[PDB]
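Novice: Provided hereafter are the protein sequence and its experimental coordinates.
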Amino acid sequence: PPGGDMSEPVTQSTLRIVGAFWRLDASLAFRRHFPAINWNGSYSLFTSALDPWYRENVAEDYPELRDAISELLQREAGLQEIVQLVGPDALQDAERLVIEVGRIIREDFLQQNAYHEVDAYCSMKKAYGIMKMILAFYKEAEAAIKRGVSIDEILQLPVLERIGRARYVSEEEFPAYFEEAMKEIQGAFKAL
Amino acid sequence: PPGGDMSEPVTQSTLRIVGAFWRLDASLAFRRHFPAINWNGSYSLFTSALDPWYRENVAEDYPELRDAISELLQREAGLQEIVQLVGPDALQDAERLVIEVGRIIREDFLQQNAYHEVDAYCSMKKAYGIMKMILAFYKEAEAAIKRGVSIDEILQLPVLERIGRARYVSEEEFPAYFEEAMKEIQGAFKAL
Amino acid sequence: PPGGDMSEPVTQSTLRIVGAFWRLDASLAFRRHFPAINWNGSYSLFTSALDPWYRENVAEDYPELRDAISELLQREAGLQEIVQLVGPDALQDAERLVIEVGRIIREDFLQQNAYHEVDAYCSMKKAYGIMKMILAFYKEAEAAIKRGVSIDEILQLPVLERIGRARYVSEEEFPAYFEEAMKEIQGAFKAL
Amino acid sequence: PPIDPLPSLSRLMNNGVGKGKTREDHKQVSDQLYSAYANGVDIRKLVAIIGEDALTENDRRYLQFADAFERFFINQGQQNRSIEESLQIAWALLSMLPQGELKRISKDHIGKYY
Amino acid sequence: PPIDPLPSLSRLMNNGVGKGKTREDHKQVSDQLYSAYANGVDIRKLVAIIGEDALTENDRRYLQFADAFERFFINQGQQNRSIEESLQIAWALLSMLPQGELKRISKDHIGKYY
Amino acid sequence: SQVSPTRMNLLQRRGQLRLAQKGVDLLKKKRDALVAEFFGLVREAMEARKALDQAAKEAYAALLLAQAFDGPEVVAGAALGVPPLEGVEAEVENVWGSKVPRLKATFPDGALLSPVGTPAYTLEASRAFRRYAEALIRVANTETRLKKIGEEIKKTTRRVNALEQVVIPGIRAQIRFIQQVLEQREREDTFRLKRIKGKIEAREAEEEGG
């Protein structure tokens, strides 16, 4: 932005009525994000005409899997506000469910490096795969916690580390990597 | 003004030049009790110099009523909040007293209709007796709690109803209703 | 400051080029602390070129002692912050230690009477003396209070009051407290 | 379309319509769903910020109100509606709620439609 | 008249008066009231920060020094008051904190003005 | 000294209000819920208490001199009728001010297992043991609740004070300062802009007047 403000004409008139907007901060990109995107502040102005092509070419449940990731990623903002308010101090299971999930989504999934071909570079099956990896683990956490399994013990699993090893894996390897990991999800969750 | 702001010229100039500001609140309005004038956000610096000329022409005890009675709203504003959250019955008999008088001020001396033309026509003599009765009902309320008179029967007196029927006549039936209404307070705290 | 900020060019000329700079505050001025120096917006570059002349005439036990006073109000800052987040009943003996050192460093060391002219002029003799008084208290107080004597009791002792006379004293009344109180600080505070 | 709770209001809404021109019950139904929607927005995220160590029936039911109010009432797809079908939705959802949480609509109107 | 000299600054206050130019204890009771009163209102700040209390027994005296200064001294109507009537009675309101060793006053007007 | 930006930051201080103004709306009826239901437990607490207190002491106080060496007897003969170290039933409990542990006084206490003393007062005294164990649970969960609500109160009341002092009017007053100085810059704009125009008209008046 020329003025540092984005309320200025030239920004809105063709640089924000555009097909996509991603905002950035200075301490955003410093952690390990390059190129960064915001978690909340990024919306998509045209996506409702790009769904056909995504359905057919990529995966037929792909407009389902991106809306269900973003849903958490952006609802997290709900909690961000109460932090900067009185602060949440009511640790509850359904509480710390959103918190820790979303956190890892910003730590490993928005942290991508355009410097390596294992932290970035994506084809259909890699872009497909990762985005379902998280969903599943999250899904299984939802029904885990409901019985009375603490989020502490979910954190100290080796499956937390698998999502942590889903940004140092190549596209080629990606296929067989994902096919082995789907079993470690269902094992270390349903059973407990 | 566009916000309600004072950093716009028009407001911060008028503000000293003209001595009175009459804010109405949206909440105060929505319940159907008019006027809806928010008192903490209204003021009239005129009142000072008019206090001579008020009592001179209107009525002798007229100023004496206004200034005195306004204390009701002040100890009611910070009372409703979250101090009578637990019901008024679990509070002191001096903090109860405030809502006992509170009934007459809110159903008599603040309720009016712009749909009914027999109550909206008001004048000096009508408004003056209404404010007056609520002084003479605090003087008898507070003598009620000094004798330990129950807050079940004071809230069911005929006395309250006797105020209510005298806001449904413009000023014609008002004189005769003040003959009966005044003395009724007098013999309903003395009938208990 | 025109705007009350030093961002305006008429104010940043003593902070455009570097040297020393002092920070005088309104809030200090109100209780009538003369001078109003604050250690939150003042630096000096004659702390790398008065070190020679100090240990040539003044003392070599001075380039250290001066610093050892500044750390006092360094550590008061970190804590002052937390005083405003939660009271002195959340903070321990050792917390309040450097807080009520800080107190005498300001009560009797940031206030100097403008109607006693022997505090409107000082000398090195006045300097080094009263810097060494505090040295003792600290270094002693770290062991005194480690015996579980709560800061409450040390507030009631006469020991504070005697050191506190330092803005009503003369310079010809300077050997009255110099040698005298020196022994009483290290002496009758570790027994009593 | 996304329309806020208390932040949104249209300055005129009853001087172009009357009773039986947009239906008679409309009058008080129009100022129900203002105060009735606006109440669920106060616990539409607070259900674990008020813990599971105090939870009441009334406000709980006011979460379920919201979810069905945004799904069915606000959104109605690109499918067409009329005054009478857009009124149906409002009543139906309020039917979960008791008579004791309905306060902005008269018993007269309730004796027409519930 | 409401008078709050919390962020005030009186530049001169011992010049243009002295002792015997007004009264003896005028020069002394100048700064006294200031900080006695000041530190009254100060308490009400930090009590509420940590629960609803934070007060000590060396607080209960400064606390009431702000009530004592309140409607007794600040409130007066439009009633003329001499420098005598003011300072004289100011010292009986300086009998709410233990006398003799006061912040700006010492024993030189204590035993003379009660 | 150190001062923040004034047009980058413009965007954040408008958003300060959206977070703040809306934020404190819901803060009000939030804490009110927990404190509302709390009252119930305080009233209800004394229910069993008053009842079982006076029949607890009843037998107790009417025995000391006949016994005082049969303390030994009741503890000995007991088969796990009194746990001296960590016999309590400690409970974990999540609340606003994190994991605070609570607990209930539930251990075996026993009833009419005492011999010697005074034939009638003994038996009675042993029966009284129910009215220790049981009653103490009441206070075990109501007084502990008291401490949980301590946290709540402190953190809470802290925010009220702050809000009404430094917070609200301070973040208000910031806008003003911002606004007025950026606006004021555009004084210099106009006076120059004027003078720029004066040059354009003058130059063409050195074609039509000189």
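Specialist: Structure received. Residues are numbered from 1 along each chain as shown, chains lettered A, B, ... in the order given.
Novice: Only C-alpha atoms from now on, for both contacts and neighbour counts.
Specialist: Fine.
Novice: For chain F, which segments are assigned as helices?
Specialist: Remark: helices assigned in chain F by DSSP state H are F:10-60, F:71-77, F:119-127, F:130-162, F:168-203.
Novice: Find the centremost residue of chain F, please.
Specialist: Closest residue to the average C-alpha location of chain F: residue F:152 at 0.8 Å, with CA atoms, centre = their mean.
Novice: my guess is that residue meets residue F:97, correct?
Specialist: Yes: Residue F:152 sits in contact with residue F:97 when judged by CA atoms under 8 Å, with a separation of 6.8 Å.
Novice: Reformat the helices of chain F as a markdown table; add distance to residue A:146.
Specialist: Below are these laid out as a markdown table (distance: least, CA to CA, whole Å):
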| stretch | distance to residue A:146 |
| --- | --- |
| helix F:10-60 | 23 |
| helix F:71-77 | 44 |
| helix F:119-127 | 43 |
| helix F:130-162 | 24 |
| helix F:168-203 | 39 |
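Novice: Which of those sits closest to residue D:19?
Specialist: Between residue D:19 and the helices of chain F, the shortest gap by CA to CA is with helix F:10-60, which sits at 35.4 Å.
Novice: Is any residue of the closest one near chain E?
Specialist: No: Helix F:10-60 lies out of reach of chain E by CA under 8 Å from any CA of the partner chain, never closer than 14.5 Å.
Novice: re earlier: which one of the helices of chain F lies nearest to residue E:15?
Specialist: Taking CA to CA, helix F:168-203 is the member of those nearest to residue E:15, at 37.4 Å.
Novice: Do any residues in the closest one lie close to chain A?
Specialist: No: using CA under 8 Å from any CA, helix F:168-203 stays clear of chain A, coming no nearer than 11.8 Å.
Novice: what helices or strands is that helix leaning on?
Specialist: helix F:10-60 (3 or more CA pairs under 8 Å, 6 or more residues apart in numbering or on different chains; DSSP states H and E).
Novice: ok, now which ones touch the closest residue to residue F:139 other than its chain neighbours?
Specialist: Spatial nearest neighbour of residue F:139, excluding adjacent residues (CA to CA, 6 or more residues apart in numbering or on different chains): residue F:45 at 7.1 Å. Counting by CA atoms under 8 Å, 6 or more residues apart in numbering or on different chains, residue F:45 makes contact with F:138-139, F:142.
Novice: now do residue D:8
Specialist: In this structure, residue D:8 makes contact with no residue, judged by CA under 8 Å, 6+ apart.
Novice: now do 10 Å
Specialist: Applying CA atoms under 10 Å, 6 or more residues apart in numbering or on different chains, one finds that residue D:8 lies in contact with residue D:34.
Novice: can you pull out the strands in chain A?
Specialist: For chain A, the strands identified by DSSP state E occupy A:20-21, A:43-44, in order along the chain.
Novice: Check whether the first one comes near chain F.
Specialist: No: contact between strand A:20-21 and chain F is absent, the nearest approach being 16.4 Å (criterion: CA under 10 Å from any CA of the partner chain).
Novice: quick one: strands adjacent to that strand?
Specialist: Sheet partners assigned to strand A:20-21 using DSSP bridges are listed as strand A:43-44 (antiparallel).
Novice: shared neighbours of residue F:152 and residue F:97, anything?
Specialist: When contacts are counted by CA under 10 Å, 6+ apart, the set common to residue F:152 and residue F:97 consists of residue A:89.
Novice: Kindly provide the distance from the closest residue to chain E within chain D to chain C.
Specialist: Distances between chain D and chain E by CA to the nearest CA are smallest at residue D:50, namely 19.9 Å. Residue D:50 sits 23 Å away from chain C, going by CA to the nearest CA, to the nearest Å.
Novice: In space, what's closest to that residue - neighbours in sequence excluded?
Specialist: With sequence-adjacent residues excluded and distances taken as CA to CA, 6+ apart, residue D:50 is closest to residue F:30, at 6.6 Å.
Novice: Enumerate every residue touching the one you found.
Specialist: Under the criterion of CA under 10 Å, 6+ apart, the neighbours of residue F:30 are D:42-43, D:46, D:49-50, F:24.
Novice: Just the buried subset of the residues you listed, please.
Specialist: Restricting those to buried positions leaves D:42-43, D:46, D:49-50, F:24, with burial counted as 16 or more other CA atoms under 10 Å in any protein chain shown.
Novice: Next, count neighbours for the residue of chain D found nearest chain F.
Specialist: Using CA to the nearest CA, the point where chain D gets nearest to chain F is residue D:54, with a distance of 5.6 Å. If you count neighbours by other CA atoms under 10 Å in any protein chain shown, residue D:54 ends up with 15.
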